[PDB]
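The chain below stands alone and is given as C-alpha cells, in the form deposited in one PDB entry.
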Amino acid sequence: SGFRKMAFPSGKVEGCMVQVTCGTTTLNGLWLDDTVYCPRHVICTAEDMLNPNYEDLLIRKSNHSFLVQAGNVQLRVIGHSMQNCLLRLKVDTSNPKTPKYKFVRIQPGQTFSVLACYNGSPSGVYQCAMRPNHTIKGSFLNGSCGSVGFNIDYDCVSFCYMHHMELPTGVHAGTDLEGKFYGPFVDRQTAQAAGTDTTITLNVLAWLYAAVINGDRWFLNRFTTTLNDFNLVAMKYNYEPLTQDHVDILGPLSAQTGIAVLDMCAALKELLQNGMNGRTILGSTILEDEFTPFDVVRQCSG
C-alpha cells in the first residue's frame, strides 16, 4: 500500500562512468570493457557546432588528443573511431567493474533510469519516460552530456540512452548506444524544435489500473466508451491517441481488476472533462504518466 515512481539502483552504472576531455571540452564517457562511449561532439570546439563535419574534425586527431579519467586514475587511449553520433575510444585497461550489459533501443512511452553525471562524476539518479516527441524531460541542468539512461533486468544492465543536447525548448535529446538519435534531431546547433509535448495516455491508464489494484476506486464509473470517442476526447486535452496495439498492451492489467480497457477509458474521459477537483489518486493531485503497463506489474500484479 503506497505507490511511488522509482529509479533503478545506480550502483552498477556509477562504476562505468568516466571523464572525457578533448581540447577545452569535458564530458561524460561510458566505460564498458576496454571501450569508452561518449558524444562525438566532444571533438567540437564551441564554435564548430554551428555546422560540423565530424569526419573532418575526427581525422585531424590522434588517440593522444583524448584524455579519459576513471575518477582520478587516467586510462590510456590506444584507438578511436566513430559509430554514428557516438565516439568509440579503445582503451588499454578493461573496466574491472564491467557489469553484464546489453544495448537496446527503446520507444516513446517507455521508461528508464538516468544517472545524471557531472563531468564524469555521478550527481543524481531519476526515473523518467521517453516522451511521445522523442525527448526526455527532467531538466537535469549541468555539464551532463554523456549521462546514460538504462534499465536493470535481473543481473543484466540494459543501456538505452545517452545524453547529447538541450533543445531550444528545454527538454533533452539523446542517442542509443549505437549512436542513433531518438527523434528527428541532428548533432548540430541549428534551429530545432521537438514535437508537441503530449501526455502518454497508455501510461496514465496503467496508473489508473494500478490505483484500482491499490484499493483506490473513486474515479471509476459504470459507463463504457468507444475507442474513437475516447480518442476524440483525449486529444482535446493533449493526451496521445490510443492505438489498437496500445489497448492490447493493456490486456493483462485488464485481466486482473476485471475491468475492460474501454471501461477504464470512460473513467479517464470523465476525469478529463470534470477533473479531480482537489481529490487525489494514489496520492498525487495529478495523473502519473511515466509508469508503464509493465512497471505496474514489476511492482504490483503479484
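Start at 1 and count along the sequence shown; that's the residue number. Rigid core: the largest C-alpha set superposing within 1.5 Å between the two forms.
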Could you check the entry and say whether 68-76 or 201-209 has the higher mean CA B-factor? 68-76
Averaging C-alpha B-factors over each stretch, which comes out higher, 293-301 or 4-12? 293-301
Highest-ranked of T111, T196, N142, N231 once sorted by CA temperature factor in the record: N142
Name the residue from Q256, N238, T35, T243 with the greatest C-alpha temperature factor listed in the entry. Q256
Can you tell me which third, lowest, middle or highest, the CA B-factor of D92 falls into for its chain? highest
Quick tally, chain-level thirds of C-alpha B-factors: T24 sits in the middle
Assigned third (lowest, middle, highest) for the C-alpha B factor of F181: lowest
Comparing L268 with the other modelled residues of its chain, is its CA B-factor in the lowest, middle or highest third? lowest
Could you tell me which third, lowest, middle or highest, the C-alpha B-factor of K102 occupies within its chain? middle
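Beyond the structure shown, there is the form solved in complex with a partner chain, which is absent from this document and is the topic of what follows.
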In terms of non-hydrogen atoms within 4.5 angstroms, which of the given stretches 98-106, 82-90, 217-225, 183-191 touches its partner chain in the deposited complex? 183-191
Looking at its partner chain in the deposited complex, do all three of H41, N142 and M165 come within 4.5 Å of it through at least one heavy atom? yes
Partner-contacting position among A260, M49, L32, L57 - heavy atom within 4.5 Å of its partner chain in the deposited complex: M49
Quick one: lay the two forms over each other on the core and tell me which of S81, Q107, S139, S94 moves its CA by at least 2 angstroms between this form and the one not shown. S139
